[PDB]
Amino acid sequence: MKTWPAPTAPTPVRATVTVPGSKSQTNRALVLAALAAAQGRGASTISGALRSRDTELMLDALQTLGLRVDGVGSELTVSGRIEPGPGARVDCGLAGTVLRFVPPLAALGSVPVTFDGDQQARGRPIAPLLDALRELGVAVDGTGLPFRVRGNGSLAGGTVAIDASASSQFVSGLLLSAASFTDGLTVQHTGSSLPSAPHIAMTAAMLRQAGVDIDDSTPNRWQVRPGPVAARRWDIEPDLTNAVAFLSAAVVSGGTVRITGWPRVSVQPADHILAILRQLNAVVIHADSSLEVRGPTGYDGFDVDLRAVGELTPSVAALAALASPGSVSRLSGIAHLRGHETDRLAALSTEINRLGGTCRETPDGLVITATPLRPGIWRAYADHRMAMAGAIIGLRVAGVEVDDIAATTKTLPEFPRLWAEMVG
């Protein structure tokens, strides 16, 4: 494969960028639309849906379950029934959301569904969710990929305790399908260190939009009452996490980047994002239905807690590597990143240090000392966000090339074109 040379920014980046839809929101809306259709409520349309590998894997997974998903652009319509064919096999790719959200849904059918994924997915956490499904009476063969859920046409539900410290998606996946369980579900996360609170909250918010009653008033416990899932039209927001990659260009170059269609009230962790950019002394404003970020003339080291927003880690680590020389930054709260698309702590450390940097992995994150970088080959590890972090680095370091820019298809297939258009 040819490398992708990361363009440099010898002068401030100035651009207006449109990012496509949220992966997290698109994939929840697909699941909820599938539940509504399966319950007999008719077809649902998702407007502004992301089209990426993760959402294609999700729509394919729904079609493997017997549903129909129409649309060649950003407008997707879901209709039909859960009626999987003999030996139905869901391909999970490297999509955690398919791996974690689809097994519950499948446990609603009367036909066994097998789940497989990419080689690299087989390393990611899954066993605690499979055990929770067994406790709820679903027959599940296997403790990792490939595994088979042997649905018999209903799932009883009730109460279950789970260790979700490795992934919030274990909670979200149970919550999405719970309204269709005979007695609903009460899920209790046991212990501590539950990452990605905003994504669990996203799940709860979208459930409420579909008319599901969920009680999230006590931390680490959720109660979903049995009931209908409404067929509705979904309006998907831009993906704010991917927007950060583009906004980071403003930050490192002292430029100005605007993101179109930025929501003033969001189901995504907008407030956490904007606060982090402001830590670096970027100026952030809402104007003309867009978000504008003006980078500072320079920035020093920062300490940032990423427990709630761990998917920002690659971009944030790139920012830390590009702080003023000798700056020390500490990224914390992110032990769970060892279980992501790749072990992102290990991968970021390797790649930064290969460029001459100083990144030390810690028990819960990274300590990054900004030092002069040099040319090299930034490896993506089949991880969209590793690829985009190398692009950020390359704005400020000539001769950086990403091995596999196409890893960005996971959530942002047009990244190369959008990035080129931004840098001009």
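Note that residue numbering follows the sequence shown and begins at 1.
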Report the stretch with the higher mean CA temperature factor, choosing between 83 to 91 and 163 to 171 on the basis of the entry.
83 to 91
Which is higher on average in the deposited entry, the C-alpha temperature factors of 322 to 330 or of 287 to 295?
287 to 295
Using only the C-alpha B-factors in the record, can you name which of 55, 39, 47, 63 has the highest?
39
Can you pull the Cα B-factors for 304, 178, 308, 251 from the entry and say which is highest?
178
CA B-factor placement of residue 146, once the chain's modelled residues are sorted into thirds
middle
Give the position of residue 69 by CA B-factor within its chain, expressed as the lowest, middle or highest third.
middle
Classify residue 269 as lowest, middle or highest third according to the C-alpha B-factor given in the PDB entry, relative to its own chain.
middle
B-factor third for the C-alpha atom of residue 380 within its chain:
lowest
Residue 26 - Cα temperature factor, lowest/middle/highest third of chain
lowest
